[PDB]
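Under the deposited numbering, the first residue of the sequence shown is numbered 3, with each subsequent residue one higher. One structure is given below, encoded as structure tokens.
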Amino acid sequence: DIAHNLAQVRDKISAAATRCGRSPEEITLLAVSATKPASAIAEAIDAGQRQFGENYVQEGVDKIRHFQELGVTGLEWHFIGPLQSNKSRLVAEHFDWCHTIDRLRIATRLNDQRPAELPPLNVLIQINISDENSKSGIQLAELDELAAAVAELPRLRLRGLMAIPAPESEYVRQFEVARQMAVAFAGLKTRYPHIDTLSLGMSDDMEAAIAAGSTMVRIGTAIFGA
Ligand SMILES: Cc1ncc(COP(=O)(O)O)c(C=O)c1O
């Protein structure tokens, strides 16, 4: 039951925020609807969910067109998958957020392809904080340079950081890795304008990420099933 699962997930978010002295409103729930049908999204919308994350461009754009066509207003779509240059125009024309900026050329393409009448595309720079197997994300040492370049792109808005840590079962390591991101986020936030988003945490490490300072958790399985 999607409605029931949304309520249950929001309950555990709220508790984890309150337990570590944070307001529940500090945490945005991003419902990851990738691989799920539009009808499952429509259920979530009827249950009050408004922010959806998609991993594949054409799948996401098709859904966005579907709900725009029903005149369903007020949604926020986040592209959270790796972005190839040949699909950037579709992202730039349809999505509200992109979490996976890890090279300047893809950001400049998105900026150039973003219609001027739209709001600037909110972007996060993706950090490979702990996954030796992943091709995605930059090293932290590259952050200052990339953030500076991205920040001048007028049709993008740099909002913060994202990371997909390597899978980790120990709470202690989940926390310390998320803290590495939170420290980097805080340092960016002191010099850059409108840094307010740390996209960090999924179903299995949600509590450590929230304790560490995440502002946005990306939940799929716990809402829609795997
Ligand atoms: C970036 C990102 N966030 C979240 C998820 C899903 O998280 P979970 O199903 O563990 O809640 C995935 C896709 O599986 C993902 O690629």
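We treat Cβ as the ideally placed atom computed from N, Cα and C, and that holds for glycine.
Pull up the distance between the alpha-carbon of residue i and that of residue j, whole angstroms please.
i	j	result
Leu32	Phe54	6 angstroms
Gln141	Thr102	13 angstroms
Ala36	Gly62	8 angstroms
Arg175	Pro26	24 angstroms
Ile129	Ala19	24 angstroms
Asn113	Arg105	13 angstroms
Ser136	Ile127	15 angstroms
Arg116	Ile66	16 angstroms
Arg107	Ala151	10 angstroms
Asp98	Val185	26 angstroms
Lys14	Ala153	35 angstroms
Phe81	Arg111	15 angstroms
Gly215	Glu178	11 angstroms
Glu28	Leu202	13 angstroms
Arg161	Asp3	33 angstroms
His6	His196	34 angstroms
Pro122	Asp206	32 angstroms
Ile43	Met183	30 angstroms
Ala94	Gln86	12 angstroms
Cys22	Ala213	6 angstroms
What are the boundary residues of the alpha helix (DSSP H) that includes residue i?
i	result
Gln141	From DSSP, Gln141 is part of no alpha helix (DSSP H); its letter is neither H nor E.
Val74	Element bounds for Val74: n/a, residue is neither H nor E.
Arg12	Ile4 to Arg21
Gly189	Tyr173 to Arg193
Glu170	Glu170 -> no alpha helix (DSSP H), and no H or E assigned at all.
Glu27	Run containing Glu27: none; DSSP gives neither H nor E here.
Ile212	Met208 to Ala214
Considering residue i, what are the terminal residues of the beta strand (DSSP E) in which it resides?
i	result
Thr30	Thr30 to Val34
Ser201	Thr199 to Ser201
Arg220	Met218 to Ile221
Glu45	Where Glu45 is concerned, there is no enclosing beta strand (DSSP E), although the alpha helix (DSSP H) it sits in stretches over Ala40 to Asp48.
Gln53	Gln53 to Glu56
Just checking my contact of residue i with residue j at CB under 8 angstroms: how many whole Å lie between their CB atoms?
i	j	result
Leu190	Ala149	6 angstroms
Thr217	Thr30	6 angstroms
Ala109	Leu158	6 angstroms
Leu92	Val59	5 angstroms
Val11	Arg220	Rounded, the Cβ-Cβ distance is 11 angstroms, inconsistent with contact.
CB of residue i to nearest heavy atom of ligand 2: below 8 angstroms?
i	result
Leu142	Ligands present in the displayed structure are limited to ligand 1, and ligand 2 is not among them.
* Chain-ordered list of residues that sit, by beta carbon, closer than 5 angstroms to a heavy atom of ligand 1 -> Cβ atoms closer than 5 angstroms to ligand 1 belong to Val34, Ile82, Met204, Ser205, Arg220, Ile221, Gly222 and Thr223.
* Any alpha helix (DSSP H) of 4 or more consecutive residues that is wholly inside the stretch 79-159 -> 90-96, 106-115 and 145-153
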